[PDB]
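All remarks here apply to the structure that follows.
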Amino acid sequence: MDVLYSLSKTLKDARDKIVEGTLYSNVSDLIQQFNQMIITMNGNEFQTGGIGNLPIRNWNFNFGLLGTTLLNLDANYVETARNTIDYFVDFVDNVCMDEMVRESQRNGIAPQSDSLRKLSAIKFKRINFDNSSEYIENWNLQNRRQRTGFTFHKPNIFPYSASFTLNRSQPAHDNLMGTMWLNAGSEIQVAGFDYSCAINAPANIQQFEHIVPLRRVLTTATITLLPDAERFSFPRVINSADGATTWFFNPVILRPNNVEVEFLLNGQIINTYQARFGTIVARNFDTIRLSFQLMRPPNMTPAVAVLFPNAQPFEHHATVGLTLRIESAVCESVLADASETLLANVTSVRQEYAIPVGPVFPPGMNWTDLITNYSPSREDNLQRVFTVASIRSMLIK
Amino acid sequence: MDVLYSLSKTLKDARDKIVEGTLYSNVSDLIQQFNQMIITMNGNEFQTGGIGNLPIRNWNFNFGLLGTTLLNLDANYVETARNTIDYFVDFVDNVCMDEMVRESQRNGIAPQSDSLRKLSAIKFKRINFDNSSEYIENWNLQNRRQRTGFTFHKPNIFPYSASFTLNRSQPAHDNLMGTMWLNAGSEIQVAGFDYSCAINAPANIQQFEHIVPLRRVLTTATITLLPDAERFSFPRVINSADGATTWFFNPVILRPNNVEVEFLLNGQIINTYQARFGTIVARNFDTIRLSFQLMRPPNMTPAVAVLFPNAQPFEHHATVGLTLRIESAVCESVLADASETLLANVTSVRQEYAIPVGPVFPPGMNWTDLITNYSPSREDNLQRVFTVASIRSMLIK
Amino acid sequence: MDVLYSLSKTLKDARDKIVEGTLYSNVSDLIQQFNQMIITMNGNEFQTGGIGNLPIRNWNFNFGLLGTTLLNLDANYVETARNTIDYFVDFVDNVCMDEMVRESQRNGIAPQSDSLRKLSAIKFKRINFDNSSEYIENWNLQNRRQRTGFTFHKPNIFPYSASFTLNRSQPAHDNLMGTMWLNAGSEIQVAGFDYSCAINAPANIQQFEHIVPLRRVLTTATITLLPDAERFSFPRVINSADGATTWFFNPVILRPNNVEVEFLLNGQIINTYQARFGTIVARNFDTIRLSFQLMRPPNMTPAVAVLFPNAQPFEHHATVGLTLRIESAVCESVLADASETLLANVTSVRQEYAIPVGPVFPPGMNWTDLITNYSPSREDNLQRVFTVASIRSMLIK
Amino acid sequence: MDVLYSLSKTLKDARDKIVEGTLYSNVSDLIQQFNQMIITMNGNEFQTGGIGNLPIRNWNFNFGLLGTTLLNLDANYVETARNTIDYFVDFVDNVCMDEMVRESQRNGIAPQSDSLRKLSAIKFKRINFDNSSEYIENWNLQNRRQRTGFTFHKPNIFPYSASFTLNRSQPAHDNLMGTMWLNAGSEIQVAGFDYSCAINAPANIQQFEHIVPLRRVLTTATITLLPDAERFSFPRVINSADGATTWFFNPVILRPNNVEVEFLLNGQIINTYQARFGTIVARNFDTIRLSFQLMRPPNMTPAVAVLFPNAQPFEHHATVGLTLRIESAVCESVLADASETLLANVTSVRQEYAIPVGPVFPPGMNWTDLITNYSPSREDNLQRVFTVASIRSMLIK
Amino acid sequence: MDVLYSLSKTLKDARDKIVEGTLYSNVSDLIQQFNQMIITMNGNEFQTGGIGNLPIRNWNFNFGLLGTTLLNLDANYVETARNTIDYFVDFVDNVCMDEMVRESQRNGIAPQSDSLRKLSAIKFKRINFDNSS
Amino acid sequence: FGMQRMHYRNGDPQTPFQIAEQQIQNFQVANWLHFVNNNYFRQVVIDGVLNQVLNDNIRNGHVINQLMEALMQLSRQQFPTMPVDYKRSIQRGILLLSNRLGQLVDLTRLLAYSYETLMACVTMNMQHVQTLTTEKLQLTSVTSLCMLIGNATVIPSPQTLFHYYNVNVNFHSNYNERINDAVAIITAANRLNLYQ
Amino acid sequence: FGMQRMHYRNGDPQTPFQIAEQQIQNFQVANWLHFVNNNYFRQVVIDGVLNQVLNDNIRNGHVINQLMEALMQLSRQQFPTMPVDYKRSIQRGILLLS
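Protein chains in written order, with the entry's author numbering: chain n, 1 to 397; chain o, 1 to 397; chain m, 1 to 397; chain n', 1 to 397; chain m', 1 to 133; chain q, 440 to 635; chain r, 440 to 537. A prime marks a further copy of an entry chain.
Below, the structure written as structure tokens:
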């Protein structure tokens with residue numbers, strides 16, 4: 001696998017440094033690297049494609065070398081090197097395009113394409129310029145059974161699943177007590193609503209809780225806990241759970257009282273924060289448990305007193321809400337992000353040539369279903385395909 | 001263009017590599033490049049400025065070469081490096097500033113400033129140390145007539161234009177049926193509202209459509225999709241159509257029905273997703289068509305059964321809404337973004353000396369005005385200006 | 001602190017370039033640097049720990065020079081190199097972690113631990129591989145007292161203070177007029193409410209003001225501007241200013257006019273924007289001034305005239321709202337961000353190893369408490385700890 | 001790409017010059033060229049076809065040379081050369097036939113066919129006879145980022161879209177005021193009709209305007225503005241806009257008064273002409289805005305007075321018309337013309353073997369849809385296919 | 001006016017035939033014509049403009065003979081040739097544009113601008129590539 | 440391999456072997472040249488005496504095989520652009536040197552052991568600095584040694600070794616004693632304010 | 440110092456040593472070259488008698504240390520693109536004078 005990254009990095013560096021007029025004493029290293037690459041590459045053919053509409057292509061390799069005779073590069077030397085470089089770039093692009101689409105249920109961390117499988121042979125192991133890039137370095141470190149990591153921005157890890165769970169319910173929905181939450185992207189907003197407004201509640205306090213799991217362990221998460229949620233603070237009319245009737249929602253946002261935020265790992269308490277708003281830091285967590293209390297106003301005013309009639313007739317329900325955002329995090333496994341187009345590259349390459357759905361990736365690369373039931377084989381296959389995608393995105397801008 | 005980036009890279013690498021202690025075999029190539037540069041530039045002259053409040057200076061070059069041979073670099077070499085590097089930094093800063101605020105109409109991609117015009121001749125063609133970045137390499141590839149591209153995070157491609165279209169109006173504004181949408185920054189939020197819950201159209205289903213154009217081609221974009229409007233769910237009073245009166249708006253939200261999102265190219269369907277809320281990806285599109293249907297719920301409960309009367313007077317109107325946000329994309333042409341520091345650099349340098357408005361760019365770099373009538377000449381000028389700004393941003397830290 | 005950065009860079013380069021196959025001509029510089037570092041690091045003993053739960057460990061350095069013979073690095077040479085690479089990585093990790101958990105009023109720039117004091121002597125200055133990264137180069141520029149700065153995306157610079165003021169108020173809760181706003185991270189949203197809808201107010205125009213100071217200076221900042229309230233346009237119940245009961249809020253949103261944004265620096269007006277939304281750019285400022293006016297609409301419609309009676313009992317008070325988001329910034333003093341995670345690393349180390357509270361940082365690395373009372377000693381200590389964190393964050397990924 | 005043009009031009013020149021009896025001292029250049037071509041061509045096989053019904057063919061190359069022994073060409077030498085030449089002509093024709101059909105969404109300016117891609121390799125770059133032909137010279141100049149052009153006759157650039165826009169309309173179409181225009185080919189004819197005949201018009205003058213955009217900038221356009229349009233000067237009966245009713249049209253052609261012709265570029269005024277008929281010259285334009293006035297006859301005669309009753313009953317509507325023709329123009333991008341069969345060749349080759357519609361070209365190569373939504377990638381792909389088509393049309397007459 | 005046509009034809013032929021790869025036996029005539037034109041155009045100074053908005057510019061010609069050694073024209077030779085080809089194209093464009101904007105009753109056939117008057121002397125008549133158009 | 444012969448200017452910091460390493464393509468010959476290029480001594484402090492020690496790949500004599508394989512490759516290429524007789528003579532020379540592989544291995548191991556044992560008997564610091572007077576040595580003697588070595592080992596005689604060690608330590612002690620005497624006299628003279 | 444041989448024209452108003460001073464950034468030899476560049480007879484008057492006298496710095500014998508330091512700096516210099524024996528002899532003679 002590392003051979004492909006070495007080839008891509010060498011090609012990019014050569015395209016960067018070989019420009020007209022530069023002194024040869026600054027590209028001696030790259031000249032030696034390129035000559036070694038040409039010496040080892042020649043004489044071995046390749047085949048790519050064969051599945052779907054992907055163009056089947058055959059490959060040959062017969063090229064000269066880059067001698068050392070000049071003192072400053074002229075136009076003609078640069079042109080010859082550039083002509084070879086563009087062909088090698090096309091080769092890398094086509095090999096990657098072949099590799100990205102396919103997959104396998106077993107051995108999903110090993111190469112699959114014929115060209116890549118032949119490249120993994122020992123006689124090609126003399127070309128490895130560096131491993132400075134993030135994804136290739138992580139792959140190399142993961143090769144030797146070591147802890148890894150990924151610097152991610154807005155690391156979407158929460159699956160999209162809009163759901164609510166009622167706690168107290170009239171048959172015709174006139175006295176409701178429950179919770180509404182919506183986990184979109186890397187944003188969690190949880191709201192706790194009551195119709196009684198704590199007029200008949202025990203000790204005039206209503207208890208709210210909500211637990212959201214996480215399939216993959218993160219680290220170093222800067223958490224912005226902002227109260228006064230926005231997802232449920234406006235009139236609504238939605239169908240009931242059984243899908244045979246509807247209900248109304250007339251909200252009033254109160255002050256969330258005694259906000260408790262807990263981060264757990266392996267079933268133990270790791271980091272806790274009481275009644276703090278703003279930005280907080282969590283170091284290691286796998287399950288998030290948000291709980292708080294809704295407190296009835298101890299004293300009211302005419303408008304407020306009318307707005308919460310003690311008796312059953314209700315026309316204004318009360319609700320409190322919180323917002324959970326992950327503005328930064330580091331994970332141990334590959335995940336979708338927003339600082340690149342890796343998942344975008346995978347989706348585009350999958351859809352462009354209409355490869356029939358295999359046995360691992362759900363159809364259309366819909367991220368919701370892919371992240372729903374996370375399994376280690378799926379994670380390994382996604383890691384390999386994302387490494388190949390990052391290789392592609394480091395050649396074509 | 002390329003020469004300026006070469007100078008900037010050489011100076012930055014020299015200031016990041018020349019310090020007491022390091023071995024001589026560590027910065028040999030940089031010393032060779034530095035001597036080549038000082039040989040080439042020596043003995044010439046330049047004079048930048050001559051417009052706006054920017055002062056006019058005259059530059060010379062007489063600095064001597066290096067060549068000291070020490071196993072450990074000492075502080076005398078460091079002192080000479082500091083002095084010469086500072087002088088070259090000031091020179092490159094001044095020439096970049098002069099290149100900034102000048103614009104031309106015909107052949108805008110061509111250099112404008114006299115210093116840069118003299119700096120692209122044949123005798124300056126030696127020093128081209130390296131081109132290792134995104135913008136400069138994209139410029140170099142464009143000069144070779146190949147595909148271009150840039151990375152982005154939440155691009156601002158939609159000019160702010162808050163507009164609302166009506167399908168059925170009334171002089172009294174007591175009975176409305178129409179749509180409202182806004183597109184600011186990287187967000188599009190569309191909503192279609194009805195007052196009678198479509199008891200006048202067949203099958204009790206009203207179908208709004210929406211079409212939004214894109215001023216430039218986009219590829220490999222991941223889309224966050226939300227099925228509930230965020231902006232049009234509050235009691236609002238808005239201006240009328242003729243700018244003569246004010247109308248009321250009392251919204252309530254239902255579930256969107258048969259949601260279709262279409263990314264079309266040349267009017268042809270490429271990416272389509274139905275009821276896929278969360279994260280979706282589109283490969284290549286230039287036109288966005290959104291269609292959703294507001295459906296009267298079949299079965300009701302007292303609250304909703306009364307709040308939607310079939311008679312004339314209304315207390316609450318019905319509306320549905322979608323929030324579409326693009327988080328990352330790659331474009332073949334130069335575009336600004338809120339995730340970098342380019343447009344800010346351009347406007348700061350422009351307002352630094354109160355330059356009169358150029359014959360191409362709109363006044364004060366009002367981004368909306370620039371993106372409105374997006375012209376190819378303006379595109380080329382924007383490309384050149386942003387490239388020069390990126391060259392400048394590599395030094396002033 | 002440069003020696004630590006050089007050591008980290010050398011270790012990363014060795015771990016990323018020394019793999020079986022690479023030509024020796026590509027790692028000759030790295031081998032020379034490694035040999036120099038090892039020969040200058042022999043015959044010295046170091047001790048780390050003594051505070052927190054860090055186990056006190058002692059270290060030796062009796063490692064011979066690496067091999068310098070083979071044309072291609074085979075497996076055995078790589079294993080021999082790693083036999084000391086692992087030890088070096090562990091040592092650097094322990095040293096940086098030990099340094100991270102100590103601070104004081106004085107010695108704001110100078111290191112405080114024993115390891116950095118001993119390493120930064122004259123003789124060890126022979127080791128400096130480069131200064132390519134951002135933070136170390138900014139630190140070196142600061143040591144010469146020159147222009148400094150960084151780049152971030154959506155930085156939390158505005159502290160948390162959810163405050164509101166009332167201009168005309170009484171315990172009747174029928175005639176209220178004031179402004180309420182929220183400041184979390186970089187999201188400044190202001191709202192001005194007026195119960196009377198400016199009926200008795202002179203000239204039918206009511207003027208609001210709001211002033212927010214910044215703890216530091218931001219240059220070339222891009223800001224997204226929106227005209228409508230997005231967080232204070234829903235019914236609410238809020239307590240009193242001093243606190244005896246709660247009042248009621250039911251907002252209706254107009255379109256504010258004469259929306260003027262001032263970027264004031266040292267009492268001098270620099271950038272002025274009138275009636276503009278979308279994209280706004282300020283070259284340099286240290287304070288934000290916001291101004292808007294409420295205009296009772298001249299013409300009316302029955303659904304509007306029924307909600308602003310000239311009489312005393314009101315039902316829906318008028319309110320406007322503005323959204324101000326800083327989506328990119330370049331600052332002079334060190335500040336936390338959303339893209340980077342150094343603050344996360346520091347807080348993670350502190351929480352994991354249970355450091356006793358010092359007289360400088362607020363407990364638990366609470367960012368809001370840290371920024372509410374920014375002091376130069378805090379700034380220097382935080383710059384030091386952040387540079388150490390950035391050095392650490394490229395060795396254990 | 002240039003290799004193919006060189007081959008075609010060399011083959012045509014050889015077929016032109018090698019005739020029986022000519023003196024050898026006049027074909028020495030072509031003999032050297034042919035010998036070099038045979039030397040470089042031999043030993044490399046080729047493959048073409050594989051998609052649709054196109055015949056897959058394999059290719060070999062084993063031929064002698066053309067020695068220098070004679071003083072005047074005899075029949076046998078000419079026959080041998082001709083036998084080789086016809087085979088090479090078949091080779092070029094088949095390669096072009098393979099190349100024309102295919103396309104690509106990305107990199108749509110680079111070669112795609114396997115034979116062409118192999119031809120682009122460096123070792124074939126020794127054959128370039130000239131670049132005198134228009135299309136190949138334009139391609140070569142466009143390769144190096146330079147302004148281009150095309151001498152076109154009747155350059156159809158206006159899409160076909162028959163449409164009208166009413167201004168004053170009775171429900172049953174008895175009092176109409178509006179415009180009819182039809183843009184066919186390179187011919188624009190705009191008519192402005194009124195039913196009132198300016199009897200109730202303000203100031204007895206009716207204002208007419210019409211703006212037609214253009215997707216591609218032209219230059220040096222000789223414009224023949226002839227009044228008295230013919231497209232709408234005869235009785236008509238057409239369906240209404242909603243397609244639920246029809247209307248009548250009884251026209252009378254009056255004298256168009258104060259004809260104003262404006263040519264704009266980038267939103268500014270470039271060239272204007274008032275009250276001039278015949279031929280005019282425009283140098284640079286992108287949008288055409290035709291406006292004029294219809295003047296009521298100040299005095300009438302019995303028949304005329306009866307023909308325009310002041311009251312509502314109408315039986316003769318009045319109309320003025322203009323005709324816009326582009327008898328010559330030069331563009332910057334490839335476009336359909338009438339001086340060749342290039343678009344005809346593309347359409348014929350596409351339809352003959354029934355290649356399924358790809359992702360760029362709309363089905364059937366219908367020029368209307370292709371020119372409707374013009375995008376730069378489509379323009380580049382069309383440029384490449386038209387260059388290949390012009391190559392084909394320069395071999396088979 | 002023949003000299004201007006010859007110059008234009010030579011410039012077009014040079015810009016269309018001098019690309020990396022063509023055998024020298026196909027451009028020997030063009031190289032000879034180019035060398036003759038350059039050696040006959042050295043040591044003279046021209047001025048164009050003075051009327052309209054045409055910016056007055058001055059021109060020199062101190063360009064050495066092109067290379068005459070390589071069997072196949074490589075990239076460096078092409079770049080050296082273009083280093084003066086661009087200048088020649090600009091000069092011819094400016095001269096013809098200057099001539100285009102002047103006319104009078106007399107001198108109907110004879111040129112009126114200074115550039116054509118100076119170019120059409122006896123000594124410069126050494127340059128005439130063809131009259132094919 | 441029939442590549443254009445190099446013109447190594449007399450005075451470049453690079454060495455001809457370095458350029459050859461950067462030029463040729465074949466594996467074994469390039470590896471051997473690379474080994475001979477950067478093979479430097481190692482400074483090792485033992486028992487308070489600084490010494491120069493060869494690389495461990497030279498004492499066990501395995502590197503000679505890494506030589507011979509390369510030489511063996513030299514016998515496979517066709518030697519283009521050369522007459523047959525020149526190739527025949529070169530092949531004869533390389534074969535004569537090759538058939539004596541065991542003799543060379545034994546000689547190299549003997550040289551390594553003898554050098555280590557003898558050099559371990561010096562007690563003054565040594566440095567690798569070129570001096571003015573240079574030793575003259577023709578290569579014909581080296582060819583004779585490589586072609587004439589046999590089977591009997593040679594170990595330095597203990598009596599000669601002890602005599603050499605005694606002479607060396609005597610010289611070092613004399614040098615140190617004279618140094619101390621001179622330092623004492625000069626220090627006393629300069630502290631007694633003597634200036635005439 | 441690996442620089443091209445000094446192309447020069449006889450009769451320039453500036454001596455070649457000035458050009459050497461403003462072309463070499465090696466502090467020791469550059470400073471020594473500057474000192475030699477601006478070393479001129481000093482015009483003084485003593486008891487009504489005009490005389491030309493040397494500078495004080497050379498008078499006490501101090502410039503020799505600067506010359507020795509510059510020569511020793513040149514001694515260990517790489518001296519590139521020069522044959523073996525010539526360079527060895529040059530640097531050994533420099534050491535002899537130092």
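From the three backbone atoms N, C-alpha and C, an ideal C-beta is built for every residue, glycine too.
The beta carbon of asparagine 496 of chain r sits closer than 7 angstroms to the beta carbons of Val502 from its chain, once the five residues preceding and following it are set aside; these are given in chain order. In the DSSP assignment, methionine 586 of chain q falls outside any beta strand (DSSP E) and lies within the alpha helix (DSSP H) extending over 578 to 587. Between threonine 68 of chain o and the set o:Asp242, o:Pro297 and o:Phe34, the nearest pair of CA atoms involves o:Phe34.
Non-local C-beta neighbours of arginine 350 of chain n in its own chain, meaning closer than 6 angstroms and more than five positions away in sequence, comprise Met365, ordered along the chain. Under a criterion of Cβ atoms nearer than 8 angstroms, the residues of chain n adjacent to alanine 121 of chain n' are, in order, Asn83 and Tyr87. Three or more pairs of CB atoms, one per stretch, sit closer than 8 angstroms, so the segment 182 to 191 of chain n' contacts the segment 147 to 158 of chain n'. The beta carbon of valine 320 of chain n' sits closer than 6 angstroms to the beta carbons of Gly192, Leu254, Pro256 and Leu294 from its chain, once the five residues preceding and following it are set aside; these are given in chain order.
At least one CB atom of chain o sits nearer than 9 angstroms to the CB of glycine 267 of chain n'.
For the pair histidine 611 of chain q and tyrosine 604 of chain q, the Cα-to-Cα distance works out to about 11 angstroms. According to DSSP, residue pairing for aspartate 194 of chain m in a beta bridge involves m:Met177 and m:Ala318. Linking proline 55 of chain m to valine 19 of chain o through their CA atoms gives a straight-line distance of about 35 angstroms.
Beta-bridge analysis with DSSP links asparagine 58 of chain n' to n':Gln47.
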